[PDB]
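Following: one structure in structure tokens, then a few remarks.
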Amino acid sequence: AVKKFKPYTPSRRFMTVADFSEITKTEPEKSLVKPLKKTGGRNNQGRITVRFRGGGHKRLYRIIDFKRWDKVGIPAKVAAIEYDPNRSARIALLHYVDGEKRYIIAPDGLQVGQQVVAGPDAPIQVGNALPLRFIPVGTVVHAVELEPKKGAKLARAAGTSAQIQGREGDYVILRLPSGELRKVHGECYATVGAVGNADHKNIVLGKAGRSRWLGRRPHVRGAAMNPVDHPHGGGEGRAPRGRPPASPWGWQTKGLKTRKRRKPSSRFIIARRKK
Amino acid sequence: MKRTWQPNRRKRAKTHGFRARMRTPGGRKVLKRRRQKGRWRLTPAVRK
RNA sequence: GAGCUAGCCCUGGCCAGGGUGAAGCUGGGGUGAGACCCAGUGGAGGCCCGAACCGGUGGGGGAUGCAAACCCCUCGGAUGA
RNA sequence: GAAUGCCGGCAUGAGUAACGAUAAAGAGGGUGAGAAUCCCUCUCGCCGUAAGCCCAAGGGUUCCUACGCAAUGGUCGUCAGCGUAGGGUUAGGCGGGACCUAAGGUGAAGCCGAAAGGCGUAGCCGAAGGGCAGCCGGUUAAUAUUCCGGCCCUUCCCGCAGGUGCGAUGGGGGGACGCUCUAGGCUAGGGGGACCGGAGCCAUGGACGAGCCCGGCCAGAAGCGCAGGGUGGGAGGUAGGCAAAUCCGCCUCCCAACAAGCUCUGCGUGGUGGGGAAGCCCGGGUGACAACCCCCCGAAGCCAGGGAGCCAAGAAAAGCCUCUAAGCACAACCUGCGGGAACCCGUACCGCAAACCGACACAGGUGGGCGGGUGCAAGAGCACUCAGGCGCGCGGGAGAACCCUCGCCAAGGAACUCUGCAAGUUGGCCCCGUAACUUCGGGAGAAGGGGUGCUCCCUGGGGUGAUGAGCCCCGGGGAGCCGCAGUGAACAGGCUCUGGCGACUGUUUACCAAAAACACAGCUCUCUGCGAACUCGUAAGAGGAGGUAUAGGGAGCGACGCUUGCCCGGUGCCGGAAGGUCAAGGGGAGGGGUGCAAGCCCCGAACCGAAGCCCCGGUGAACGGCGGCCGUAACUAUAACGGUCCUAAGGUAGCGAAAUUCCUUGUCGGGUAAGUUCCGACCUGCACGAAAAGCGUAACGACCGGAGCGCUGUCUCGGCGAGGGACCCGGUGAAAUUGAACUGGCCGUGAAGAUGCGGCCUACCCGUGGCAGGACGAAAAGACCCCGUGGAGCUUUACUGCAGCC
RNA sequence: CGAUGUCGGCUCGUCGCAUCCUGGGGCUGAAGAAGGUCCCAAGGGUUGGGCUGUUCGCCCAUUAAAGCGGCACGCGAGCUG
RNA sequence: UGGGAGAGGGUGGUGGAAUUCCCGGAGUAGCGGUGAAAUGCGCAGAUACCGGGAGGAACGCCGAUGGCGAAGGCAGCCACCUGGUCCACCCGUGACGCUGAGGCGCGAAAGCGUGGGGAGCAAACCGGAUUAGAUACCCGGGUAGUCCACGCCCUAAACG
RNA sequence: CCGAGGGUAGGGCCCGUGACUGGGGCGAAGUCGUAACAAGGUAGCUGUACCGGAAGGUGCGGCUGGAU
Ligand SMILES: NCCCC[C@H](N)C(=O)N[C@H](CO)[C@H](O)c1ccc([N+](=O)[O-])cc1
Ligand SMILES: [K+]
Ligand SMILES: [Mg+2]
Ligand SMILES: [Mg+2]
Ligand SMILES: [Mg+2]
Ligand SMILES: [Mg+2]
Ligand SMILES: [Mg+2]
Ligand SMILES: [Mg+2]
Ligand SMILES: [Mg+2]
Ligand SMILES: [Mg+2]
Ligand SMILES: [Mg+2]
Ligand SMILES: [Mg+2]
Ligand SMILES: [Mg+2]
Ligand SMILES: [Mg+2]
Ligand SMILES: [Mg+2]
Ligand SMILES: [Mg+2]
Ligand SMILES: [Mg+2]
Ligand SMILES: [Mg+2]
Ligand SMILES: [Mg+2]
Ligand SMILES: [Mg+2]
Ligand SMILES: [Mg+2]
Ligand SMILES: [Mg+2]
Ligand SMILES: [Mg+2]
Ligand SMILES: [Mg+2]
Ligand SMILES: [Mg+2]
Ligand SMILES: [Mg+2]
Ligand SMILES: [Mg+2]
Ligand SMILES: [Mg+2]
Ligand SMILES: [Mg+2]
Ligand SMILES: [Mg+2]
Ligand SMILES: [Mg+2]
Ligand SMILES: [Mg+2]
Ligand SMILES: [Mg+2]
Ligand SMILES: [Mg+2]
Ligand SMILES: [Mg+2]
Ligand SMILES: [Mg+2]
Ligand SMILES: [Mg+2]
Ligand SMILES: [Mg+2]
Ligand SMILES: [Mg+2]
Ligand SMILES: [Mg+2]
Ligand SMILES: [Mg+2]
Ligand SMILES: [Mg+2]
Ligand SMILES: [Mg+2]
Ligand SMILES: [Mg+2]
Ligand SMILES: [Mg+2]
Ligand SMILES: [Mg+2]
Ligand SMILES: [Mg+2]
Ligand SMILES: [Mg+2]
Ligand SMILES: [Mg+2]
Ligand SMILES: [Mg+2]
Ligand SMILES: [Mg+2]
Ligand SMILES: [Mg+2]
Ligand SMILES: [Mg+2]
Ligand SMILES: [Mg+2]
Ligand SMILES: [Mg+2]
Ligand SMILES: [Mg+2]
Ligand SMILES: [Mg+2]
Ligand SMILES: [Mg+2]
Ligand SMILES: [Mg+2]
Ligand SMILES: [Mg+2]
Ligand SMILES: [Mg+2]
Ligand SMILES: [Mg+2]
Ligand SMILES: [Mg+2]
Ligand SMILES: [Mg+2]
Ligand SMILES: [Mg+2]
Ligand SMILES: [Mg+2]
Ligand SMILES: [Mg+2]
Ligand SMILES: [Mg+2]
Ligand SMILES: [Mg+2]
Ligand SMILES: [Mg+2]
Ligand SMILES: [Mg+2]
Ligand SMILES: [Mg+2]
Ligand SMILES: [Mg+2]
Ligand SMILES: [Mg+2]
Ligand SMILES: [Mg+2]
Ligand SMILES: [Mg+2]
Ligand SMILES: [Mg+2]
Ligand SMILES: [Mg+2]
Ligand SMILES: [Mg+2]
Ligand SMILES: [Mg+2]
Ligand SMILES: [Mg+2]
Ligand SMILES: [Mg+2]
Ligand SMILES: [Mg+2]
Ligand SMILES: [Mg+2]
Ligand SMILES: [Mg+2]
Ligand SMILES: [Mg+2]
Ligand SMILES: [Mg+2]
Ligand SMILES: [Mg+2]
Ligand SMILES: [Mg+2]
Ligand SMILES: [Mg+2]
Ligand SMILES: [Mg+2]
Ligand SMILES: [Mg+2]
Ligand SMILES: [Mg+2]
Ligand SMILES: [Mg+2]
Ligand SMILES: [Mg+2]
Ligand SMILES: [Mg+2]
Ligand SMILES: [Mg+2]
Ligand SMILES: [Mg+2]
Ligand SMILES: [Mg+2]
Ligand SMILES: [Mg+2]
Ligand SMILES: [Mg+2]
Ligand SMILES: [Mg+2]
Ligand SMILES: [Mg+2]
Ligand SMILES: [Mg+2]
Ligand SMILES: [Mg+2]
Ligand SMILES: [Mg+2]
Ligand SMILES: [Mg+2]
Ligand SMILES: [Mg+2]
Ligand SMILES: [Mg+2]
Ligand SMILES: [Mg+2]
Ligand SMILES: [Mg+2]
Ligand SMILES: [Mg+2]
Ligand SMILES: [Mg+2]
Ligand SMILES: [Mg+2]
Ligand SMILES: [Mg+2]
Ligand SMILES: [Mg+2]
Ligand SMILES: [Mg+2]
Ligand SMILES: [Mg+2]
Ligand SMILES: [Mg+2]
Ligand SMILES: [Mg+2]
Ligand SMILES: [Mg+2]
Ligand SMILES: [Mg+2]
Ligand SMILES: [Mg+2]
Ligand SMILES: [Mg+2]
Ligand SMILES: [Mg+2]
Ligand SMILES: [Mg+2]
Ligand SMILES: [Mg+2]
Ligand SMILES: [Mg+2]
Ligand SMILES: [Mg+2]
Ligand SMILES: [Mg+2]
Ligand SMILES: [Mg+2]
Ligand SMILES: [Mg+2]
Ligand SMILES: [Mg+2]
Ligand SMILES: [Mg+2]
Ligand SMILES: [Mg+2]
Ligand SMILES: [Mg+2]
Ligand SMILES: [Mg+2]
Ligand SMILES: [Mg+2]
Ligand SMILES: [Mg+2]
Ligand SMILES: [Mg+2]
Ligand SMILES: [Mg+2]
Ligand SMILES: [Mg+2]
Ligand SMILES: [Mg+2]
Ligand SMILES: [Mg+2]
Ligand SMILES: [Mg+2]
Ligand SMILES: [Mg+2]
Ligand SMILES: [Mg+2]
Ligand SMILES: [Mg+2]
Ligand SMILES: [Mg+2]
Ligand SMILES: [Mg+2]
Ligand SMILES: [Mg+2]
Ligand SMILES: [Mg+2]
Ligand SMILES: [Mg+2]
Ligand SMILES: [Mg+2]
Ligand SMILES: [Mg+2]
Ligand SMILES: [Mg+2]
Ligand SMILES: [Mg+2]
Ligand SMILES: [Mg+2]
Ligand SMILES: [Mg+2]
Ligand SMILES: [Mg+2]
Ligand SMILES: [Mg+2]
Ligand SMILES: [Mg+2]
Ligand SMILES: [Mg+2]
Ligand SMILES: [Mg+2]
Ligand SMILES: [Mg+2]
Ligand SMILES: [Mg+2]
Ligand SMILES: [Mg+2]
Ligand SMILES: [Mg+2]
Ligand SMILES: [Mg+2]
Ligand SMILES: [Mg+2]
Ligand SMILES: [Mg+2]
Ligand SMILES: [Mg+2]
Ligand SMILES: [Mg+2]
Ligand SMILES: [Mg+2]
Ligand SMILES: [Mg+2]
Ligand SMILES: [Mg+2]
Ligand SMILES: [Mg+2]
Ligand SMILES: [Mg+2]
Ligand SMILES: [Mg+2]
Ligand SMILES: [Mg+2]
Ligand SMILES: [Mg+2]
Ligand SMILES: [Mg+2]
Ligand SMILES: [Mg+2]
Ligand SMILES: [Mg+2]
Ligand SMILES: [Mg+2]
Ligand SMILES: [Mg+2]
Ligand SMILES: [Mg+2]
Ligand SMILES: [Mg+2]
Ligand SMILES: [Mg+2]
Ligand SMILES: [Mg+2]
Ligand SMILES: [Mg+2]
Ligand SMILES: [Mg+2]
Ligand SMILES: [Mg+2]
Ligand SMILES: [Mg+2]
Ligand SMILES: [Mg+2]
Ligand SMILES: [Mg+2]
Ligand SMILES: [Mg+2]
Ligand SMILES: [Mg+2]
Ligand SMILES: [Mg+2]
Ligand SMILES: [Mg+2]
Ligand SMILES: [Mg+2]
Ligand SMILES: [Mg+2]
Ligand SMILES: [Mg+2]
Ligand SMILES: [Mg+2]
Ligand SMILES: [Mg+2]
Ligand SMILES: [Mg+2]
Ligand SMILES: [Mg+2]
Ligand SMILES: [Mg+2]
Ligand SMILES: [Mg+2]
Ligand SMILES: [Mg+2]
Ligand SMILES: [Mg+2]
Ligand SMILES: [Mg+2]
Ligand SMILES: [Mg+2]
Ligand SMILES: [Mg+2]
Ligand SMILES: [Mg+2]
Ligand SMILES: [Mg+2]
Ligand SMILES: [Mg+2]
Ligand SMILES: [Mg+2]
Ligand SMILES: [Mg+2]
Ligand SMILES: [Mg+2]
Ligand SMILES: [Mg+2]
Ligand SMILES: [Mg+2]
Ligand SMILES: [Mg+2]
Ligand SMILES: [Mg+2]
Ligand SMILES: [Mg+2]
Ligand SMILES: [Mg+2]
Ligand SMILES: [Mg+2]
Ligand SMILES: [Mg+2]
Ligand SMILES: [Mg+2]
Ligand SMILES: [Mg+2]
Ligand SMILES: [Mg+2]
Ligand SMILES: [Mg+2]
Ligand SMILES: [Mg+2]
Ligand SMILES: [Mg+2]
Ligand SMILES: [Mg+2]
Ligand SMILES: [Mg+2]
Ligand SMILES: [Mg+2]
Ligand SMILES: [Mg+2]
Ligand SMILES: [Mg+2]
Ligand SMILES: [Mg+2]
Ligand SMILES: [Mg+2]
Ligand SMILES: [Mg+2]
Ligand SMILES: [Mg+2]
Ligand SMILES: [Mg+2]
Ligand SMILES: [Mg+2]
Ligand SMILES: [Mg+2]
Ligand SMILES: [Mg+2]
Ligand SMILES: [Mg+2]
Ligand SMILES: [Mg+2]
Ligand SMILES: [Mg+2]
Ligand SMILES: [Mg+2]
Ligand SMILES: [Mg+2]
Ligand SMILES: [Mg+2]
Ligand SMILES: [Mg+2]
Ligand SMILES: [Mg+2]
Ligand SMILES: [Mg+2]
Ligand SMILES: [Mg+2]
Ligand SMILES: [Mg+2]
């Protein structure tokens, strides 16, 4: 449940915050944080290449274990669930009976004190990781690799999941969070369950200040600019778009498909996203 | 009001100094040209 | 040429005093259990009043100026984008 | 001789403006050729969260002393931040380096680029961040945590003794972190003392006093005490921490546990060393054998890596500790002690300013720390004042107009004016009380009112002591006293009713616009499956993101509430393996040049041959669009109804003379004595209308309208007064402008607005204070307007290319 | 066009007369009082408010009357804006 | 105390039929629909047939004039949690009862808020017909919604 | 001191009135269509929702007070 406020300011009237109930430890594991180099949206030339970024709260990056096939057979106990500022999902600290400590993103339903393990032989329970070929058709799954041994790429955000849909040759068929139907290699690792913190999308930011805390600088409409700045610029008084709506750079932005047509992965995509 | 010259020795040496000029094609041309003209100072005087 | 100015990055610093009194917590009341109500505690907030600080609303002055943008009165923000 | 020519020189304006904050001066004495201006004394005023003191930038000798006054100084000058000369800056502990890393920069390996060059994990550089050993006092004309004195401390080298598996650029721990609130105990700092020390004072009516005035501390190893920070101990297993490990991590067992213990810091004390006022006296001596004590207040500072809560979740690396590997184990390291060794650069002076940035000794700008006392509820606010520093580098008179800043005003009270513009009013605190409406927070300091000083008497709770006195904090009740007036001075909202626009706090045209514009949470469309889309780059490489569709990009709309209709013919986008058109290339019927020939060479039809376009569909919170005419109802009037032309389809709900309405001050109603504005209605809407959103909406606004109450010099309508100028005298002394000038009025004339021509009129010569009608006055080669086959920004279904993409 | 500042107001006036009032007259469909219309006459006078930037105009309350024009649609080195 | 019947309620799981869509094969001149038609779909390969897949909703026979609930209402199958009610024994308590202004709770469908879901159906809407006209009835499309969670709404020919 | 009442200020209830606007009743001599009563020519009624010149229509669920 997101948390609401009494309207004792104009902004507290709509502001809602995460309840943080599943959180059991309020300090990151020191050996697993490193400094997160803030960019301001600027590249190695110094140039802005993603507009309207910077000025958000300082953050340390927590090293997340996105392989897990790294330690087949070695079980671990779920020691804590923690806040992670660099992603929407919560994160879970794992104490391996190995003595090694690692983070994973916290699935829905994970419990502090439970055990998890990875491998072709792992029980099909929440938090365990197996290659896709050994997960029963129909179970919902997250942190899915896209190619073997390259790391978990799909379904990593709060509340998201992919579902196994069938098998064909060396490949399995997944319904991605976006609704797309895609072939993924069967040797790719996934973790059974959906990602946690599903109430993330119900959060009402409430005021301009919160966007600023998050590093999101104010966005300014093309229509508010001049012709040197934007296709939508200029006009005496307000103006409709008076041309197909376009980006700052001139390409159209209401329907114009932008995926590269001759792409090799097309052979592995079955049905484009829905909705 | 606050004017445009706000002297700063570290800023001066690092921006116009001999070593900044020599690091760069255009900067070596500055030194070449000021030497050809007979300038007494090739680079701004800054105390360090 | 970014020692002015604009944005960002790293690292430091600053914001007198006063006012309002959110959640939560405790006690009481209530109920089959609750919702909830009352009191105390509590100390939230792009909350309020107001210096430093940051501004520059209205008027007056200045106009070969004290000043190539200043001065007086008044006025805006002042834990926050 | 002219180019608003160029360089220089010199005029005019003119003894004119001005001499740079309205904090302020007067006198005596001295110096000297010369004194309002230098030195000294007394008196007066001004700052005192500074206009005082320290630090960092920046400046670079401006510091100190002597001797000077041509120039510099807005006057003067004997003086000075000026001229000349001499002197002056002293560190193992302060700052930086011989330490560490941050962004960023550089860059072995590597990658890329016509050249130049671009990048790049490690490493290196890089600080006002981490780390690291000095406190008090004295001394000079001028430096002082640097010299000296006292008491302390760090590293390196060597040696001695004891102890130990010693050993690292490798492993681990630690270093190591936010915001807001905040406990205990201290310290800095402050107030009082009837107590301790002190030179003296008794005035002018009184006081020889529990009188006045002055002061009553600072640093300090070990030890001790008080208050806090940090940290569990033992064993067994071990597959992880890229080798090893006894360390760390994980599992288990035992003892311990809000304790103690060990450890570390702060504060107190502490051998010892220092300081020490007023006043008197010529910076110095005396005071003085100075005293050096008690009580209260008390930090934002310290203990500190303390505690709580919250979400936006809060650097690195080295020092340090531990672990082991090669090695090495007569070494090496650790502990104690002793002797020796300890380099480089900075240090003067200014530093909210006359020494820095502003051409100036410029009312401007400049980061950090200290910043006393009393009263006003508090406070860094306000008034006064301490320490300390100043009176702002032209003065002396006068007492006009006018200007500026300021004070008051009879009667009226917005009649002023575009507008109450401006200025009044209100004004702090305590108490009483407080409406519509509302998103239940608010609106709210609503509005409106009462109290406010001082004296006596009684009385309640707290802090510190001890539970008491003393001190300090918050109160309560009764009786009285004075004035016009008690937040008696200073600092301190005028209020209400009602519309428009924007939800709101914010942002903006540095230097004419602060707004209704931008932003904003929120709503929708759309793109993107990750080597993402998209962005920058020739590329490599980067951002996106060490993110992964609850995510990232683009677009519009803009809290919230109730909503968001019809048209897909055009354009856009999306889908469509048919068909039409379609380039290179393939193909090679047929034709041609040449050769005696084999041959060589050229043209070339059918057929095959992509994207794109055509074509078929879909698509509006995609670009956009959303009619006309004739007729009909018991009086008139109108038209629910019918007919007809056109269209892709003919504007729905809601709203409407509106931030939109031309006619227009539409009509009606309200308010006013009177209302082109305002509010409420009507609807023939020139020319509203649904995310270039439509209609509302509590709260908010230095936004823009309309009204009223209060109160006023805004006004009737002006008067008086104050100070700084203006004026006069002494000192210094500009400026734009200027064809030359011996430069009047009228009526005419003249290139059509004449001092300059004609006629007439008027007029002795030259200034000073004033006013602005003219000199088509000054300033700026008109920013409007046109012209130029002038230029630039911007647009697109103008032309023609290019990038990018297919 | 190497510049002649442009609406309205305020302030300050001055002039014309085709006279709004006051003074002198003729005619009248002038009984009186009150008017109408023309002639002479520029000496003086010619109000305060509501609306609107307004000039103008409408309206309120008065008045002997609430005149109309010129002066670069008088007057920004006089002010406003 | 001992027994019974039941779509009583809540949570989770899970089964097969059909519809629609997508893919593969096979095949060709229509399909669909009505009173009769047309719009629509179809040589860009429809309909009809076979194989595979996805997804939502509702549960055929049993089924009945049946059963349960206080009413609204409840229907594949399984399990867990839970309500009411009937029966026989006549064992226990000893009038502990009836009703019930106010109150509280429940309350079909439609509708609302925030998420999800979306096959079929289908207000609004669009088109075809019918008709004098036809903002309807009939036909072809079609969005809310119908479904799940939580919170509202509190109505009814909520009837016997 | 209390005090009729007067004054300043802000609230509550009631009555009358108001540009204009909403529907209602009645009139009857009109215009449009024909929704209900027969299966009333689409069985009716119904709560609710959306819509249409108008009676009304449709969707969802409900009743029989439905002809055959
Ligand atoms: N600062 C110089 C004066 C120029 C500005 C002035 N308004 C102006 O335009 N003056 C020019 C004369 O040079 C002229 O009088 C003029 C004045 C006004 C108009 N006008 O149309 O209102 C046109 C012409
Ligand atoms: K001109
Ligand atoms: Mg939760
Ligand atoms: Mg809230
Ligand atoms: Mg709250
Ligand atoms: Mg709440
Ligand atoms: Mg509020
Ligand atoms: Mg919360
Ligand atoms: Mg959580
Ligand atoms: Mg933390
Ligand atoms: Mg680290
Ligand atoms: Mg990182
Ligand atoms: Mg870089
Ligand atoms: Mg660069
Ligand atoms: Mg950016
Ligand atoms: Mg997280
Ligand atoms: Mg969240
Ligand atoms: Mg949101
Ligand atoms: Mg953030
Ligand atoms: Mg955004
Ligand atoms: Mg924007
Ligand atoms: Mg613009
Ligand atoms: Mg540009
Ligand atoms: Mg362009
Ligand atoms: Mg453009
Ligand atoms: Mg445009
Ligand atoms: Mg525009
Ligand atoms: Mg614009
Ligand atoms: Mg426009
Ligand atoms: Mg706009
Ligand atoms: Mg336009
Ligand atoms: Mg257009
Ligand atoms: Mg792939
Ligand atoms: Mg300059
Ligand atoms: Mg300089
Ligand atoms: Mg520097
Ligand atoms: Mg520096
Ligand atoms: Mg610098
Ligand atoms: Mg350099
Ligand atoms: Mg030389
Ligand atoms: Mg030179
Ligand atoms: Mg140079
Ligand atoms: Mg800068
Ligand atoms: Mg920092
Ligand atoms: Mg600092
Ligand atoms: Mg503050
Ligand atoms: Mg709590
Ligand atoms: Mg604020
Ligand atoms: Mg605030
Ligand atoms: Mg405030
Ligand atoms: Mg600023
Ligand atoms: Mg101003
Ligand atoms: Mg003013
Ligand atoms: Mg004034
Ligand atoms: Mg002025
Ligand atoms: Mg100026
Ligand atoms: Mg000023
Ligand atoms: Mg001022
Ligand atoms: Mg304030
Ligand atoms: Mg404050
Ligand atoms: Mg505040
Ligand atoms: Mg000549
Ligand atoms: Mg000249
Ligand atoms: Mg000249
Ligand atoms: Mg010249
Ligand atoms: Mg010249
Ligand atoms: Mg001369
Ligand atoms: Mg001269
Ligand atoms: Mg003179
Ligand atoms: Mg003169
Ligand atoms: Mg002043
Ligand atoms: Mg003076
Ligand atoms: Mg002198
Ligand atoms: Mg002197
Ligand atoms: Mg003073
Ligand atoms: Mg003071
Ligand atoms: Mg200098
Ligand atoms: Mg010195
Ligand atoms: Mg000197
Ligand atoms: Mg001199
Ligand atoms: Mg001299
Ligand atoms: Mg001289
Ligand atoms: Mg000067
Ligand atoms: Mg001399
Ligand atoms: Mg000397
Ligand atoms: Mg020393
Ligand atoms: Mg120093
Ligand atoms: Mg060395
Ligand atoms: Mg380094
Ligand atoms: Mg490089
Ligand atoms: Mg440093
Ligand atoms: Mg040091
Ligand atoms: Mg010491
Ligand atoms: Mg050994
Ligand atoms: Mg060892
Ligand atoms: Mg950290
Ligand atoms: Mg830090
Ligand atoms: Mg903050
Ligand atoms: Mg005190
Ligand atoms: Mg002391
Ligand atoms: Mg203590
Ligand atoms: Mg001590
Ligand atoms: Mg002494
Ligand atoms: Mg002595
Ligand atoms: Mg003695
Ligand atoms: Mg504080
Ligand atoms: Mg959060
Ligand atoms: Mg690092
Ligand atoms: Mg040892
Ligand atoms: Mg050396
Ligand atoms: Mg040195
Ligand atoms: Mg020094
Ligand atoms: Mg000085
Ligand atoms: Mg200052
Ligand atoms: Mg100077
Ligand atoms: Mg001066
Ligand atoms: Mg100055
Ligand atoms: Mg002090
Ligand atoms: Mg006060
Ligand atoms: Mg006060
Ligand atoms: Mg103040
Ligand atoms: Mg003075
Ligand atoms: Mg005089
Ligand atoms: Mg003054
Ligand atoms: Mg007086
Ligand atoms: Mg008066
Ligand atoms: Mg009045
Ligand atoms: Mg009055
Ligand atoms: Mg007004
Ligand atoms: Mg006042
Ligand atoms: Mg009211
Ligand atoms: Mg309320
Ligand atoms: Mg009041
Ligand atoms: Mg109000
Ligand atoms: Mg008194
Ligand atoms: Mg004052
Ligand atoms: Mg006051
Ligand atoms: Mg106030
Ligand atoms: Mg006022
Ligand atoms: Mg109001
Ligand atoms: Mg209006
Ligand atoms: Mg509005
Ligand atoms: Mg705005
Ligand atoms: Mg606003
Ligand atoms: Mg709003
Ligand atoms: Mg706003
Ligand atoms: Mg603010
Ligand atoms: Mg501006
Ligand atoms: Mg400007
Ligand atoms: Mg400018
Ligand atoms: Mg400008
Ligand atoms: Mg201005
Ligand atoms: Mg502005
Ligand atoms: Mg503003
Ligand atoms: Mg905006
Ligand atoms: Mg909205
Ligand atoms: Mg590019
Ligand atoms: Mg490119
Ligand atoms: Mg790259
Ligand atoms: Mg990246
Ligand atoms: Mg990255
Ligand atoms: Mg991402
Ligand atoms: Mg906006
Ligand atoms: Mg907008
Ligand atoms: Mg409302
Ligand atoms: Mg329509
Ligand atoms: Mg269309
Ligand atoms: Mg179409
Ligand atoms: Mg189209
Ligand atoms: Mg169509
Ligand atoms: Mg177009
Ligand atoms: Mg297409
Ligand atoms: Mg083609
Ligand atoms: Mg839509
Ligand atoms: Mg069109
Ligand atoms: Mg459009
Ligand atoms: Mg008629
Ligand atoms: Mg229209
Ligand atoms: Mg209208
Ligand atoms: Mg309107
Ligand atoms: Mg209009
Ligand atoms: Mg027009
Ligand atoms: Mg018309
Ligand atoms: Mg109009
Ligand atoms: Mg008009
Ligand atoms: Mg009228
Ligand atoms: Mg008005
Ligand atoms: Mg107006
Ligand atoms: Mg009309
Ligand atoms: Mg509009
Ligand atoms: Mg727009
Ligand atoms: Mg608009
Ligand atoms: Mg629109
Ligand atoms: Mg405003
Ligand atoms: Mg006056
Ligand atoms: Mg006076
Ligand atoms: Mg005077
Ligand atoms: Mg005076
Ligand atoms: Mg005077
Ligand atoms: Mg002459
Ligand atoms: Mg003439
Ligand atoms: Mg002559
Ligand atoms: Mg002549
Ligand atoms: Mg003549
Ligand atoms: Mg004459
Ligand atoms: Mg003149
Ligand atoms: Mg003139
Ligand atoms: Mg003349
Ligand atoms: Mg002139
Ligand atoms: Mg000029
Ligand atoms: Mg020129
Ligand atoms: Mg010209
Ligand atoms: Mg021109
Ligand atoms: Mg010009
Ligand atoms: Mg211009
Ligand atoms: Mg022209
Ligand atoms: Mg041409
Ligand atoms: Mg030509
Ligand atoms: Mg051009
Ligand atoms: Mg593109
Ligand atoms: Mg000229
Ligand atoms: Mg008569
Ligand atoms: Mg008569
Ligand atoms: Mg006559
Ligand atoms: Mg006259
Ligand atoms: Mg006259
Ligand atoms: Mg008028
Ligand atoms: Mg008019
Ligand atoms: Mg009229
Ligand atoms: Mg004219
Ligand atoms: Mg005219
Ligand atoms: Mg004129
Ligand atoms: Mg006029
Ligand atoms: Mg004029
Ligand atoms: Mg002017
Ligand atoms: Mg004017
Ligand atoms: Mg002039
Ligand atoms: Mg003039
Ligand atoms: Mg003139
Ligand atoms: Mg075919
Ligand atoms: Mg059946
Ligand atoms: Mg009952
Ligand atoms: Mg219900
Ligand atoms: Mg809805
Ligand atoms: Mg659908
Ligand atoms: Mg019809
Ligand atoms: Mg709808
Ligand atoms: Mg809806
Ligand atoms: Mg529904
Ligand atoms: Mg029923
Ligand atoms: Mg029934
Ligand atoms: Mg009376
Ligand atoms: Mg009928
Ligand atoms: Mg019928
Ligand atoms: Mg309708
Ligand atoms: Mg009709
Ligand atoms: Mg219908
Ligand atoms: Mg019947």
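All values below come from the heavy atoms of this structure, side chains included, with hydrogens, waters and symmetry mates left out. Every chain is numbered from 1 and lettered A, B, ... according to where its sequence line falls, protein lines coming before strand lines.
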**Message:** Between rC10(C) and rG42(C), how many Å separate the two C1' atoms, rounded to a whole number?
**Reply:** 39 Å

**Message:** Aromatic contact between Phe268(A) and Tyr171(A), with the criterion being ring centroids under 6.0 Å apart: yes or no?
**Reply:** yes

**Complete:** Symbol by symbol from the 5' end, with Watson-Crick or G-U pairs under 3.5 Å, [ ] crossing and | another strand, RNA chain C is ..............(.((((...((((((......))))))...)|)))...(((..((((........)))).)))..).

**Item:** Cluster check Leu42(B), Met22(B): I/L/V/M/F/W/Y, side chain < 4.5 angstrom
**Value:** yes

**Asked** In residues 210-226 of chain A, which ones come under 4.0 Å of RNA chain C, going by heavy atoms?
**Response** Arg212(A), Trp213(A), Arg217(A)

**Complete:** When both distances are under 3.5 Å in a Watson-Crick or G-U wobble arrangement, the nucleotide paired with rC20(G) is none

**Request:** Could you measure between the two P atoms, the one in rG556(D) and the one in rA492(D), and give it in whole Å?
**Result:** 49 Å

**Prompt:** Considering every strand shown, what is the Watson-Crick or G-U wobble mate of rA300(D) when both distances are under 3.5 Å?
**Reply:** none

**Request:** Please look at the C1'-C2'-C3'-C4' dihedral of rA28(G) and say whether its sugar is north or south.
**Result:** north

**For atom CZ of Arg59(A) and atom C1' of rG547(D), their distance in whole Å** = 10 Å

**Asked** Using the ring of each side chain (for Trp, its six-membered ring), is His232(A) parallel, tilted or perpendicular to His230(A), with breaks at 30° and 60°?
**Response** tilted

